Amino acid sequence: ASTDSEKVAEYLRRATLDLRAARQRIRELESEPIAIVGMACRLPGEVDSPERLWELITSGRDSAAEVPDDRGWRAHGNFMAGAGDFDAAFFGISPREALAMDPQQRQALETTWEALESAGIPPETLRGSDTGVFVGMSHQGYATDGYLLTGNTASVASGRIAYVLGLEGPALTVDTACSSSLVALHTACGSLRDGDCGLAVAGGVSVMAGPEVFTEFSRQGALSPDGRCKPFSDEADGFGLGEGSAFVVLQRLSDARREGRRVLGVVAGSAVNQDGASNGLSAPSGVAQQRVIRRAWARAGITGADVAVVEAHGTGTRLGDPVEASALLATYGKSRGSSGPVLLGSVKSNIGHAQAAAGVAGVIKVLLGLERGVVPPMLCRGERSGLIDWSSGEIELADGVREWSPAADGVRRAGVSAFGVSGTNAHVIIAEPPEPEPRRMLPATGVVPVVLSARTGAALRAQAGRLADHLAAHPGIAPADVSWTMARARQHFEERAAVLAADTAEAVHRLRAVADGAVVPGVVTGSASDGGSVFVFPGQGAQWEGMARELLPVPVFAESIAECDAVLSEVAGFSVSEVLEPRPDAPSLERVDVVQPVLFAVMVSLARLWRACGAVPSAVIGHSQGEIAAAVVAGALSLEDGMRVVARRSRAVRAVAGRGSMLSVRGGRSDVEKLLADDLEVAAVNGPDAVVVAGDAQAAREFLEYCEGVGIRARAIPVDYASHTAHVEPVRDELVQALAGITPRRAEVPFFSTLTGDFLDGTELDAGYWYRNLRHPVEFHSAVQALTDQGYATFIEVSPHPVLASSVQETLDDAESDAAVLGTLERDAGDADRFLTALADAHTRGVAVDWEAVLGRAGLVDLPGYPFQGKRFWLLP
Amino acid sequence: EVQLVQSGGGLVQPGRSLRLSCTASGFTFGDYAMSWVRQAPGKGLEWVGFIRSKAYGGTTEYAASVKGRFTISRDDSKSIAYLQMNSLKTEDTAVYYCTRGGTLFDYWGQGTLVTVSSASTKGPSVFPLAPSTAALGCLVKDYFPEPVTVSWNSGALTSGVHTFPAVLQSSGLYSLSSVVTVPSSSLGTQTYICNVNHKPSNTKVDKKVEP
């Protein structure tokens, strides 16, 4: 019933669709853009960061200076400030091995880490991953105590990064001289495109270490006396020696789009060739440089007219520069096609000749300009070389502030060169990044958490100070971006802090409080222990005016409060919302049969908010009414059943009120127990200096208070019943039949009974338990001691105000425990800000907050990387 | 990327009507015929019908068991294909797939379950298959709708557990059986409890099994 024409129509369409996919696969294998997702740079001129490089060149400064004395060397150069500094501890390296380690190895390890932070990748996620390492590097003489062979082989400069970081892609060191780092880049894009790796670190490193290189070039005569490179100038008189690290993180663009990576730029094409039969082993070949430029255009599908900026090799050699300018004039200078003259420059005018790091230092410069739409500036000293023909007007030096203007493709592109003395040449086309086009609990906030992390306390404060400087230097950076970056695009170490602020000015101010040891309002600090969280549900005392009224919006919170409303409305005459939200003729919070069910509701709802935010209890613990809340959080009891237990138990308590009294005695236990002899009982021990004495017979209480006046701090609890005494025995039979239909179940979270004094299964919590819980002493001090000596590291009190937090800390002090004690809401603050602060604090103690579920996803921003705490190591053999 | 997102099924009493949607994306919807194929529980793929592309007349063909009751439509402006089911029967219970193409089905949707039943929501009755290697289990009978989940010792016991596909009895109610094979040391401090859970009737049952 389908005509032959219709059937063959659908096969033809499928065949040509399959053909389109095949040919798209061909294009991917040959020329997929490689996204540059991260970059780091430690270069001369006090350039510890790519952004420092931008500042140095837009400020027209160079870096030539006399040789340092720290190295064991009429002598000027371009030297890195901390070439010898290394945080050996960070990488698990002994100071013995670090001293024996070529600084080139150490600078590569540190700069790779910063590149991974610039790409927003927490390096632990890469362990066991498929990630390659491509280091352009050349052997220098650092060692001319043990581990000296592993610390000086070139192959270990790439493999050591793989080992430390646990990477399992290919790890190569490659030497093509001044082209080494662009060759490393070229090989890594081939490796990605072949699927040998899914991520690659590529770049180059050199540090002048041994006597040779500086005096070797002086006799050779290629050095300038200033130590300044003057590329493309009639004052050209040689290059100034330099050093540095420069690395990039490379990923197939399709994978970067799919994982939502901020892309700094793309490698659109690169080529690598050789001079071949030239005028001599070290002599550049202008025709070879045309061949390589044109090959790069081929593999990027572009022509010269599409590149507006060229970052040249530019060394400042009188006869080297005209060869490069000739080759540029024959390529980029022709068929400009009214795109305006190509703008030419060389980062070497500002930092010297970084040797194996020259090329990726040029890429990094170009990316800096691509961020801003601004041509990357070059010093340009004096007049244009008389040996070069700019008559055409089609090549111009990148003198000052220029707008970087796109090609017919509306895309901004640059070409980057590096030519080696061995003859191996490289050219890379860097294009601007394509358009990137593309759910929160605790929704409205106003304020914003910024979490910080480092391996030691001094490193932690340094991170706070440097982020303070960066934010002061760059106002207008969205606070949601700082927060998401600091939370998700960074690895979290043992020592932690968090600042909670509404605006960049408040964040800077509080970050600087963390940089000092200051204890100020919006600041929390702690160290991250594993061992698990205990949720603590206290007894009487947490109530306040419309506690957590501000939390009623948060959908996961209001959801829970709804179920309590249904259950409590059938069982009692009222609901939770009436009591917490404005109270229009609603039950009084002073009534024991309303405060206990309403507190129950707020604690179960808070505990659900906590869990929705990533905090998982490893155990629960309650105190009188509170174990009912814990029993529901731990799943031993449905919400319906628990709201029934607390409703009926507090109504029973109300029935026996009057004639009762409860007082808090700031004293130990046997002590008060002894004093209790004659002169009625201890109903609660919560802390080694906090007992609650009940016995009612208010007259009695009224007397003990008097006596206590002598020296014992005693205070009356605003309550006219005496629970955990015989005063509750009349309700025994009526309450156990009223709760005969409760259904206790095995707890999903472990449950530590402060009645039994040991973990419970969950099925033991029938109506009989809830009576004993009301009748018997609350043995809470013991319960905390038990949990501490089993390894629990965080106590979170889930309550609208902290009541047991003090007594828990006291118990930990006498146990000399490091364990943290945190709260949830406070009397003044039951808002979403106080809760955000509670999450922030719990984070600094090791609790796992899905910061993305709480805040949402924002954008990666270029914030400072880890603050390495380096000692100096410089072997003098 | 090519997408065919389906929606619009669920429970529905015999004789009533129901319309399924298929929203296309990532390709030129108007260029393709679109077909509906269904699969009754446990059985094969059965053709329901298709609509041609407009270029071929935008006309429709149907299987005999749905002709006059079901109709296929398309809306090329919203890139949506529709199945309009009328006078539904229990026999029309199935997963319904829309698929790109009328002869070559080269892209399918996630499918949409349509359950045709006049049963009312009902909780299960749990009975224990006492352990007459020993075998014991739980028989979860006479509930509606699906699903119902079963675990053993609150998820502690997972080795040797088989929970079986539910069956639909002549009453129109579902029955499921869960079994676990345990060492014949059936008393050695090893109490065995099946935990059955039927959200659509707010039911949670725990049962012990023993001789």
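Positions of Cβ are backbone-derived with ideal geometry, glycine not excepted, and every protein chain shown enters the neighbour counts. Throughout, read-outs are computed from the coordinates displayed, never taken from laboratory work.
Please report the net charge: other residues with Cβ closer than 12 Å to the Cβ of B:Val126, K and R +1, D and E -1. Let's see the in-between values first.
Numbers: positive: B:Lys141, B:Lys204, B:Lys207, B:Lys208; negative: B:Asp142, B:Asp206.
Here the count lands on +2.
Arrange A:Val213, A:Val421 by Cβ neighbour counts within 10 Å, fewest through most, would you? Intermediate results must be reported in sequence, preceding the final value.
On the way: A:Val213 18, A:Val421 15.
Fewest-to-most ranking of A:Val213, A:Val421: A:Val421, A:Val213.
Fewest to most neighbouring Cβ within 10 Å: what's the order for A:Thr811, B:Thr133?
Numbers: A:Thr811 27, B:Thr133 8.
Least crowded to most crowded, the residues run B:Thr133, A:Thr811.
Find how many whole Å separate the alpha carbon centroid of segment A:601-650 from the alpha carbon centroid of segment A:488-560.
About 22 Å separates the Cα centre of segment A:488-560 from the one of segment A:601-650.
Taking 8 Å as the Cα distance limit and 6 or more residues as the minimum spacing, I'd like the relative contact order of segment A:728-779 as a percentage.
Working: 52 pairs, mean separation 21.2, N = 52.
Dividing the mean separation by the residue count of segment A:728-779 yields 41 percent.
Counting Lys +1, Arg +1, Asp -1, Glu -1, what net charge surrounds B:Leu104 among other residues with beta carbon under 12 Å of its beta carbon?
On the way: positive: A:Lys7, A:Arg13, A:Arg14, B:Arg100; negative: A:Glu6, A:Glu10, A:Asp18, B:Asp106.
Summing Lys/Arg as +1 and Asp/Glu as -1 gives 0.
Among bridges DSSP assigns within chain A, what percent are antiparallel (round to 5)? Could you put the intermediate results ahead of the total?
Working: 64 of 100 bridges.
For chain A, the DSSP antiparallel bridge percentage is about 65.
Taking the simple approach of a point 7 Å from Cα along Cα-to-Cβ for both B:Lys89 and A:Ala699, what is their distance in nm?
Here the modelled spin labels are 8.8 nm apart.
Roughly what would the spin-label model give for A:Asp196 and A:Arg372, points 7 Å off Cα along C-beta, in nm?
3.7 nm
Give the relative contact order (percent, whole number) for segment A:448-527; include only Cα pairs under 8 Å separated by 6+ residues.
Computed value for segment A:448-527: 42 percent relative contact order.
Per the helix-only calculation at 222 nm, which mean residue ellipticity applies to the protein assembly as shown, given -39500 (n - 2.57) for every DSSP H run of n ≥ 4 and division by its residues, nearest 500 deg cm²/dmol?
Working: 28 runs with 322 residues, N = 1088.
So the helix-based figure for the protein assembly as shown works out to -9000 deg cm²/dmol.
Would you tell me the mean number of C-beta atoms belonging to other protein chains that fall within 10 Å of each C-beta in B:97-104, as a whole number? Could the numbers behind the result be given before it?
Values: counts 0, 0, 0, 1, 6, 5, 7, 6.
If you average over the peptide's residues, the count of other-chain Cβ atoms is 3.
From Cα pairs below 8 angstrom and at least 6 apart in sequence, can you work out the relative contact order of segment B:3-116, rounded to a whole percent? Numbers along the way, then the final one.
Details: 272 pairs, mean separation 40.9, N = 114.
For segment B:3-116, the relative contact order is 36 percent.
What's the local net charge at A:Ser63, with K and R +1, D and E -1, over the other residues with C-beta under 15 Å away? Mind dumping the intermediate values first?
On the way: positive: A:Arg42, A:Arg52, A:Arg61, A:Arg228, A:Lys230, A:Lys348, A:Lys365, A:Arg381; negative: A:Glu46, A:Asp48, A:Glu55, A:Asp62, A:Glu66, A:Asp226, A:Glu243.
Local charge sum for A:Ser63: +1.
How high is the FRET efficiency from A:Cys707 to A:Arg654, r the C-beta distance, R0 35 Å, rounded to 0.05? Provide the component values of the computation, followed by the final result.
Values: r = 30 Å, r/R0 = 0.85.
It comes to 0.70.
Could you tell me which of the pairs B:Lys43/B:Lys141; B:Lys67/B:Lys141; B:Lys89/B:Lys141; B:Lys122/B:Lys207 are separated by over 26 angstrom between their Cα atoms in the structure shown?
On the way: B:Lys43/B:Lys141 23 Å; B:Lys67/B:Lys141 36 Å; B:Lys89/B:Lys141 24 Å; B:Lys122/B:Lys207 19 Å.
Beyond 26 Å: B:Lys67/B:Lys141.
How would you rank A:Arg219, A:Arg13, going from fewest to most other Cβ atoms within 10 Å of each one's own Cβ? Intermediate values should be presented prior to the final figure.
Numbers: A:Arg219 8, A:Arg13 15.
Ordered by Cβ neighbours within 10 Å, fewest first: A:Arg219, A:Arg13.
In whole Å, what is the distance between the alpha-carbon centres of segment A:659-710 and segment A:44-79?
74 Å
Determine, from the Cβ-Cβ distance of A:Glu816 and A:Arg299 and an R0 of 51 Å, the FRET efficiency 1/(1 + (r/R0)^6), rounded to the nearest 0.05.
On the way: r = 66 Å, r/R0 = 1.30.
Calculated transfer efficiency: 0.15.
Tell me the GluC sites (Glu not before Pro) within segment B:1-101 that lie in a loop according to DSSP and have at most 14 other beta-carbon atoms within 10 Å. Intermediate values should be presented prior to the final figure.
Numbers: sites: B:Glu1, B:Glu46, B:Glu61, B:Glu91; in loops: B:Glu1.
Answer by residue number: B:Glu1.
According to a simple spin-label model (label point 7 Å from Cα along Cα-to-Cβ), what is the distance in nm between A:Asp503 and A:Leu387?
5.8 nm
Using Cα centres only, tell me the gap between segment A:429-460 and segment B:142-211 in whole Å.
Answer, in whole Å: 47.
FRET efficiency for A:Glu764 and A:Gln274, Cβ-Cβ distance as r, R0 = 56 Å, nearest 0.05? Walk me through the numbers before you get to the answer.
Numbers: r = 82 Å, r/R0 = 1.46.
It comes to 0.10.
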